[PDB]
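input.txt (compact mmCIF, N, CA and C atoms and all ligand atoms)
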# COMPACT_ATOMS: atom_id res chain seq x y z
N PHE A 1001 110.18 92.50 110.45
CA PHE A 1001 109.89 91.12 110.87
C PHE A 1001 109.84 91.15 112.40
N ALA A 1002 109.17 90.17 112.99
CA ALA A 1002 109.23 89.98 114.42
C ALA A 1002 109.12 88.50 114.79
N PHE A 1003 109.78 88.12 115.87
CA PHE A 1003 109.57 86.83 116.57
C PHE A 1003 108.20 86.91 117.24
N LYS A 1004 107.41 85.86 117.12
CA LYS A 1004 106.03 85.95 117.57
C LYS A 1004 105.95 85.09 118.82
N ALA A 1005 105.91 85.74 119.99
CA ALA A 1005 105.79 85.06 121.27
C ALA A 1005 105.09 85.99 122.26
N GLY B 57 115.32 76.23 114.87
CA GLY B 57 115.55 77.66 115.16
C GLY B 57 114.25 78.41 115.41
N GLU B 58 114.33 79.66 115.86
CA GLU B 58 113.14 80.45 116.24
C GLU B 58 112.57 81.11 114.97
N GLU B 59 111.26 81.32 114.97
CA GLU B 59 110.44 81.62 113.77
C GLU B 59 110.20 83.13 113.69
N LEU B 60 110.45 83.73 112.52
CA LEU B 60 110.17 85.16 112.22
C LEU B 60 108.93 85.27 111.34
N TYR B 61 108.13 86.32 111.54
CA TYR B 61 106.92 86.62 110.72
C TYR B 61 106.90 88.08 110.33
N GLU B 62 106.34 88.34 109.16
CA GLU B 62 106.29 89.68 108.57
C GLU B 62 105.33 90.54 109.37
N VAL B 63 105.77 91.76 109.65
CA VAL B 63 105.02 92.83 110.38
C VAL B 63 104.38 93.75 109.34
N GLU B 64 103.09 94.03 109.46
CA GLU B 64 102.36 94.99 108.58
C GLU B 64 102.40 96.39 109.21
N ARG B 65 102.30 96.49 110.53
CA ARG B 65 102.12 97.76 111.26
C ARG B 65 102.48 97.60 112.73
N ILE B 66 102.88 98.69 113.38
CA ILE B 66 102.92 98.82 114.86
C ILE B 66 101.71 99.67 115.24
N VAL B 67 100.79 99.12 116.03
CA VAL B 67 99.47 99.80 116.22
C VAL B 67 99.39 100.39 117.63
N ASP B 68 100.29 100.03 118.54
CA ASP B 68 100.24 100.50 119.94
C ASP B 68 101.55 100.18 120.65
N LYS B 69 101.77 100.83 121.79
CA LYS B 69 102.98 100.76 122.65
C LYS B 69 102.57 100.76 124.13
N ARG B 70 103.23 99.98 124.97
CA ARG B 70 102.99 99.99 126.44
C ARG B 70 104.31 99.69 127.14
N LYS B 71 104.37 99.97 128.45
CA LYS B 71 105.45 99.52 129.35
C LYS B 71 104.93 98.30 130.12
N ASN B 72 105.73 97.24 130.21
CA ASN B 72 105.42 96.06 131.06
C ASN B 72 105.78 96.41 132.51
N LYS B 73 105.43 95.52 133.44
CA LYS B 73 105.82 95.59 134.88
C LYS B 73 107.32 95.91 134.99
N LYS B 74 108.16 95.13 134.30
CA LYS B 74 109.65 95.16 134.41
C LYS B 74 110.18 96.51 133.93
N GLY B 75 109.43 97.21 133.08
CA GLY B 75 109.79 98.54 132.55
C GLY B 75 110.13 98.48 131.07
N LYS B 76 110.23 97.28 130.50
CA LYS B 76 110.51 97.06 129.05
C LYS B 76 109.30 97.52 128.22
N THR B 77 109.57 98.23 127.13
CA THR B 77 108.58 98.63 126.09
C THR B 77 108.08 97.38 125.35
N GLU B 78 106.76 97.25 125.24
CA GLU B 78 106.10 96.24 124.36
C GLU B 78 105.38 97.00 123.25
N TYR B 79 105.29 96.37 122.09
CA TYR B 79 104.60 96.93 120.91
C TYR B 79 103.50 95.96 120.51
N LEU B 80 102.37 96.51 120.06
CA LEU B 80 101.24 95.72 119.54
C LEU B 80 101.45 95.61 118.02
N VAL B 81 101.68 94.39 117.56
CA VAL B 81 102.12 94.07 116.18
C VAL B 81 100.88 93.63 115.40
N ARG B 82 100.63 94.28 114.27
CA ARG B 82 99.74 93.78 113.19
C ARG B 82 100.59 92.90 112.26
N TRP B 83 100.21 91.63 112.09
CA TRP B 83 101.01 90.67 111.29
C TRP B 83 100.55 90.70 109.83
N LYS B 84 101.48 90.79 108.88
CA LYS B 84 101.11 90.89 107.44
C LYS B 84 100.38 89.60 107.05
N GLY B 85 99.23 89.73 106.39
CA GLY B 85 98.41 88.59 105.93
C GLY B 85 97.47 88.09 107.02
N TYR B 86 97.36 88.83 108.13
CA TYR B 86 96.41 88.58 109.25
C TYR B 86 95.65 89.89 109.51
N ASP B 87 94.61 89.88 110.35
CA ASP B 87 93.87 91.11 110.74
C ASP B 87 93.97 91.34 112.25
N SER B 88 93.35 92.42 112.75
CA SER B 88 93.48 92.98 114.12
C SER B 88 93.24 91.93 115.21
N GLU B 89 92.29 91.00 115.03
CA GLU B 89 91.93 89.98 116.06
C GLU B 89 93.17 89.15 116.45
N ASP B 90 94.19 89.14 115.58
CA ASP B 90 95.44 88.36 115.75
C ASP B 90 96.62 89.26 116.16
N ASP B 91 96.40 90.54 116.46
CA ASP B 91 97.49 91.44 116.94
C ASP B 91 98.02 90.91 118.27
N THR B 92 99.34 90.90 118.48
CA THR B 92 99.94 90.44 119.77
C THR B 92 100.91 91.48 120.29
N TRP B 93 100.97 91.60 121.62
CA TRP B 93 102.01 92.39 122.32
C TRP B 93 103.34 91.63 122.25
N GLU B 94 104.37 92.28 121.73
CA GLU B 94 105.73 91.70 121.60
C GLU B 94 106.71 92.63 122.30
N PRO B 95 107.63 92.06 123.12
CA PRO B 95 108.79 92.79 123.59
C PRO B 95 109.49 93.50 122.42
N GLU B 96 109.89 94.74 122.66
CA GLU B 96 110.74 95.57 121.77
C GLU B 96 111.86 94.71 121.14
N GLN B 97 112.47 93.83 121.94
CA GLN B 97 113.65 93.02 121.52
C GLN B 97 113.23 91.81 120.67
N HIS B 98 111.94 91.67 120.34
CA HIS B 98 111.43 90.68 119.34
C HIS B 98 111.37 91.27 117.92
N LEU B 99 111.49 92.59 117.78
CA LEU B 99 111.30 93.31 116.50
C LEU B 99 112.61 93.37 115.72
N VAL B 100 112.58 92.98 114.45
CA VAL B 100 113.77 92.96 113.55
C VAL B 100 113.56 93.97 112.42
N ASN B 101 114.43 94.98 112.37
CA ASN B 101 114.42 96.06 111.34
C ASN B 101 113.05 96.73 111.30
N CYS B 102 112.41 96.97 112.45
CA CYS B 102 111.07 97.61 112.53
C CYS B 102 111.22 99.10 112.85
N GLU B 103 112.43 99.65 112.90
CA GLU B 103 112.66 101.07 113.31
C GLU B 103 111.74 102.01 112.51
N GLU B 104 111.60 101.83 111.20
CA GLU B 104 110.77 102.72 110.35
C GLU B 104 109.30 102.64 110.80
N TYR B 105 108.81 101.46 111.15
CA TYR B 105 107.38 101.26 111.52
C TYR B 105 107.13 101.81 112.93
N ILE B 106 108.14 101.78 113.80
CA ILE B 106 108.06 102.40 115.16
C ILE B 106 107.98 103.93 114.98
N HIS B 107 108.80 104.47 114.08
CA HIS B 107 108.74 105.90 113.66
C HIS B 107 107.31 106.26 113.22
N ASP B 108 106.69 105.48 112.33
CA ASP B 108 105.31 105.73 111.81
C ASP B 108 104.29 105.74 112.95
N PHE B 109 104.36 104.77 113.86
CA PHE B 109 103.47 104.70 115.05
C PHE B 109 103.62 105.98 115.88
N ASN B 110 104.85 106.38 116.18
CA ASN B 110 105.17 107.55 117.04
C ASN B 110 104.65 108.82 116.38
N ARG B 111 104.71 108.90 115.05
CA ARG B 111 104.22 110.06 114.28
C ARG B 111 102.68 110.12 114.37
N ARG B 112 102.01 108.97 114.45
CA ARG B 112 100.52 108.86 114.43
C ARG B 112 99.96 109.06 115.85
N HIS B 113 100.80 109.02 116.88
CA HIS B 113 100.37 109.10 118.30
C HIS B 113 101.20 110.16 119.02
NA NA A 1101 93.35 87.47 119.89

Output the file's structure in the form of structure tokens.
Ligand code: NA
Amino acid sequence: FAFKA
Amino acid sequence: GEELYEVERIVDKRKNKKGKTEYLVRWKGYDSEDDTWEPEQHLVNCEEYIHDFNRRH
């Protein structure tokens, strides 16, 4: 998973 | 709270100005036109996919 920014 | 999205692949790696590693993320259920550079510290349990990228490059 990743934080998308 | 902050939003998490599923990663399909790590397709590239770079160093930013500051010296922090960024990764180019392929998002699961999206295609290449939507790949984004993410700080290393945005990746959750991606160690196996970073391994796969490093093996391919
Ligand atoms: Na784009």

### Task
Let me have all residues with an atom within 8 Å of ligand NA 1101 (chain A), counting only C-alpha atoms and all ligand atoms, laid out as a PyMOL selection string.
chain B and resi 88-92

### Task
Identify, on the basis of only C-alpha atoms, every residue whose closest approach to residue 58 in chain B does not exceed 12 Å; exclude the query and any residue fewer than 3 positions from it along the same chain; express the result as a list in words.
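So, after excluding close chain neighbours, the residues are residues 1002, 1003, 1004 and 1005 of chain A; 61 and 98 of chain B.
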
### Query
Would you list which chain B residues are within 8 Å of chain A using only N, CA and C atoms, as a ChimeraX atom specification?
/B:58-64,92-95,97-103

### Task
Per DSSP on the backbone, filter chain B down to the residues in alpha helix (DSSP H) and report them as an MDAnalysis selection string.
chainID B and resid 103:112

Return as lines of an AutoDock Vina configuration file the centre and edge lengths, in Å with one decimal, of the box along x, y and z that encloses every atom of range 59-67 of chain B in the file, padded by 8 Å per side.
center_x = 105.3
center_y = 90.9
center_z = 113.1
size_x = 27.9
size_y = 35.1
size_z = 25.1

### Task
State, in Å with one decimal place, the distance from atom N of residue 105 in chain B to atom C of residue 69 in chain B.
14.4 Å

### Task
Rounded to one decimal place, report the CA of residue 73 in chain B-CA of residue 87 in chain B distance in Å.
27.3 Å

### Message
Using DSSP secondary structure from the backbone, list all strand (DSSP E or B) positions within chain B, as a PyMOL selection string.
### Response
chain B and resi 60-61+63-71+77-83+92-95+99

### Task
Rounded to one decimal place, report the CA of residue 110 in chain B-CA of residue 85 in chain B distance in Å.
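Interatomic distance here is 23.0 Å.
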
Student task, range 80-109 of chain B output with N, CA, C and O atoms as an mmCIF file, in the first residue's frame:
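Writing done, so here's decode-v2.cif:
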data_model
loop_
_atom_site.group_PDB
_atom_site.id
_atom_site.type_symbol
_atom_site.label_atom_id
_atom_site.label_comp_id
_atom_site.auth_asym_id
_atom_site.auth_seq_id
_atom_site.Cartn_x
_atom_site.Cartn_y
_atom_site.Cartn_z
ATOM 1 N N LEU B 80 8.686 5.432 -8.070
ATOM 2 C CA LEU B 80 7.588 5.626 -9.048
ATOM 3 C C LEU B 80 6.639 4.438 -8.879
ATOM 4 O O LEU B 80 7.045 3.303 -9.087
ATOM 5 N N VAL B 81 5.427 4.732 -8.426
ATOM 6 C CA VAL B 81 4.414 3.734 -7.992
ATOM 7 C C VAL B 81 3.435 3.536 -9.142
ATOM 8 O O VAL B 81 2.906 4.552 -9.624
ATOM 9 N N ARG B 82 3.255 2.290 -9.568
ATOM 10 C CA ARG B 82 2.095 1.836 -10.381
ATOM 11 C C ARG B 82 0.967 1.467 -9.406
ATOM 12 O O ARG B 82 1.188 0.627 -8.506
ATOM 13 N N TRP B 83 -0.197 2.104 -9.535
ATOM 14 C CA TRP B 83 -1.325 1.901 -8.596
ATOM 15 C C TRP B 83 -2.220 0.769 -9.108
ATOM 16 O O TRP B 83 -2.600 0.805 -10.299
ATOM 17 N N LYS B 84 -2.579 -0.185 -8.252
ATOM 18 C CA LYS B 84 -3.405 -1.347 -8.689
ATOM 19 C C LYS B 84 -4.764 -0.824 -9.165
ATOM 20 O O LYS B 84 -5.359 0.009 -8.454
ATOM 21 N N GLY B 85 -5.201 -1.262 -10.346
ATOM 22 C CA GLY B 85 -6.492 -0.859 -10.943
ATOM 23 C C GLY B 85 -6.380 0.447 -11.720
ATOM 24 O O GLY B 85 -7.444 0.974 -12.119
ATOM 25 N N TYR B 86 -5.151 0.941 -11.934
ATOM 26 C CA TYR B 86 -4.821 2.122 -12.774
ATOM 27 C C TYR B 86 -3.730 1.696 -13.765
ATOM 28 O O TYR B 86 -3.272 0.547 -13.646
ATOM 29 N N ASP B 87 -3.381 2.533 -14.743
ATOM 30 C CA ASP B 87 -2.272 2.246 -15.703
ATOM 31 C C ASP B 87 -1.184 3.322 -15.583
ATOM 32 O O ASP B 87 -1.329 4.208 -14.725
ATOM 33 N N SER B 88 -0.114 3.193 -16.384
ATOM 34 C CA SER B 88 1.157 3.960 -16.318
ATOM 35 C C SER B 88 0.930 5.475 -16.306
ATOM 36 O O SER B 88 1.679 6.135 -15.594
ATOM 37 N N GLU B 89 -0.044 6.007 -17.060
ATOM 38 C CA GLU B 89 -0.301 7.472 -17.172
ATOM 39 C C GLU B 89 -0.563 8.074 -15.783
ATOM 40 O O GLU B 89 -0.401 9.316 -15.637
ATOM 41 N N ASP B 90 -0.948 7.234 -14.811
ATOM 42 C CA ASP B 90 -1.295 7.634 -13.422
ATOM 43 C C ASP B 90 -0.179 7.277 -12.427
ATOM 44 O O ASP B 90 -0.404 7.487 -11.217
ATOM 45 N N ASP B 91 0.990 6.815 -12.883
ATOM 46 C CA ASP B 91 2.135 6.531 -11.976
ATOM 47 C C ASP B 91 2.569 7.829 -11.299
ATOM 48 O O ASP B 91 2.642 8.853 -12.007
ATOM 49 N N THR B 92 2.870 7.813 -9.997
ATOM 50 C CA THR B 92 3.346 9.022 -9.275
ATOM 51 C C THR B 92 4.616 8.710 -8.500
ATOM 52 O O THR B 92 4.753 7.591 -7.990
ATOM 53 N N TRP B 93 5.501 9.699 -8.422
ATOM 54 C CA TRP B 93 6.681 9.666 -7.528
ATOM 55 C C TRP B 93 6.218 9.846 -6.080
ATOM 56 O O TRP B 93 5.486 10.796 -5.806
ATOM 57 N N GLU B 94 6.574 8.904 -5.216
ATOM 58 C CA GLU B 94 6.221 8.937 -3.777
ATOM 59 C C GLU B 94 7.504 8.826 -2.969
ATOM 60 O O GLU B 94 8.321 7.954 -3.243
ATOM 61 N N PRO B 95 7.661 9.673 -1.928
ATOM 62 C CA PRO B 95 8.680 9.462 -0.911
ATOM 63 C C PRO B 95 8.647 8.014 -0.413
ATOM 64 O O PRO B 95 7.570 7.475 -0.209
ATOM 65 N N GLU B 96 9.832 7.435 -0.253
ATOM 66 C CA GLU B 96 10.085 6.118 0.378
ATOM 67 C C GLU B 96 9.184 5.941 1.620
ATOM 68 O O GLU B 96 8.632 4.835 1.810
ATOM 69 N N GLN B 97 9.033 6.995 2.421
ATOM 70 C CA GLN B 97 8.307 6.946 3.721
ATOM 71 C C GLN B 97 6.783 7.023 3.512
ATOM 72 O O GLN B 97 6.067 7.054 4.530
ATOM 73 N N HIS B 98 6.298 7.021 2.261
ATOM 74 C CA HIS B 98 4.855 6.856 1.925
ATOM 75 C C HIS B 98 4.484 5.382 1.692
ATOM 76 O O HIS B 98 3.273 5.077 1.656
ATOM 77 N N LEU B 99 5.459 4.495 1.546
ATOM 78 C CA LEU B 99 5.256 3.076 1.162
ATOM 79 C C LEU B 99 5.026 2.220 2.411
ATOM 80 O O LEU B 99 5.838 2.308 3.353
ATOM 81 N N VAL B 100 3.956 1.428 2.408
ATOM 82 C CA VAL B 100 3.573 0.536 3.539
ATOM 83 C C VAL B 100 3.688 -0.920 3.090
ATOM 84 O O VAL B 100 2.962 -1.344 2.179
ATOM 85 N N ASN B 101 4.576 -1.673 3.745
ATOM 86 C CA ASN B 101 4.830 -3.111 3.482
ATOM 87 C C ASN B 101 5.154 -3.332 2.004
ATOM 88 O O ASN B 101 4.708 -4.351 1.470
ATOM 89 N N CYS B 102 5.933 -2.441 1.377
ATOM 90 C CA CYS B 102 6.312 -2.553 -0.055
ATOM 91 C C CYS B 102 7.707 -3.164 -0.191
ATOM 92 O O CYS B 102 8.158 -3.251 -1.304
ATOM 93 N N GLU B 103 8.336 -3.622 0.891
ATOM 94 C CA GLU B 103 9.740 -4.131 0.847
ATOM 95 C C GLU B 103 9.890 -5.180 -0.265
ATOM 96 O O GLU B 103 10.877 -5.080 -1.011
ATOM 97 N N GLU B 104 8.955 -6.115 -0.420
ATOM 98 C CA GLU B 104 9.047 -7.193 -1.444
ATOM 99 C C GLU B 104 9.052 -6.571 -2.845
ATOM 100 O O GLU B 104 9.795 -7.055 -3.698
ATOM 101 N N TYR B 105 8.252 -5.532 -3.079
ATOM 102 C CA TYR B 105 8.120 -4.914 -4.427
ATOM 103 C C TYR B 105 9.349 -4.048 -4.733
ATOM 104 O O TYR B 105 9.699 -3.889 -5.924
ATOM 105 N N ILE B 106 9.976 -3.480 -3.704
ATOM 106 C CA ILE B 106 11.262 -2.733 -3.849
ATOM 107 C C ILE B 106 12.361 -3.734 -4.230
ATOM 108 O O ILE B 106 13.168 -3.431 -5.144
ATOM 109 N N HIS B 107 12.375 -4.893 -3.574
ATOM 110 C CA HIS B 107 13.251 -6.043 -3.928
ATOM 111 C C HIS B 107 13.088 -6.397 -5.413
ATOM 112 O O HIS B 107 14.127 -6.546 -6.081
ATOM 113 N N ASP B 108 11.855 -6.572 -5.909
ATOM 114 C CA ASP B 108 11.562 -6.935 -7.328
ATOM 115 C C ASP B 108 12.104 -5.866 -8.286
ATOM 116 O O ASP B 108 12.722 -6.239 -9.308
ATOM 117 N N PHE B 109 11.876 -4.586 -7.986
ATOM 118 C CA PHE B 109 12.401 -3.455 -8.800
ATOM 119 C C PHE B 109 13.931 -3.542 -8.879
ATOM 120 O O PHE B 109 14.484 -3.443 -9.983
#
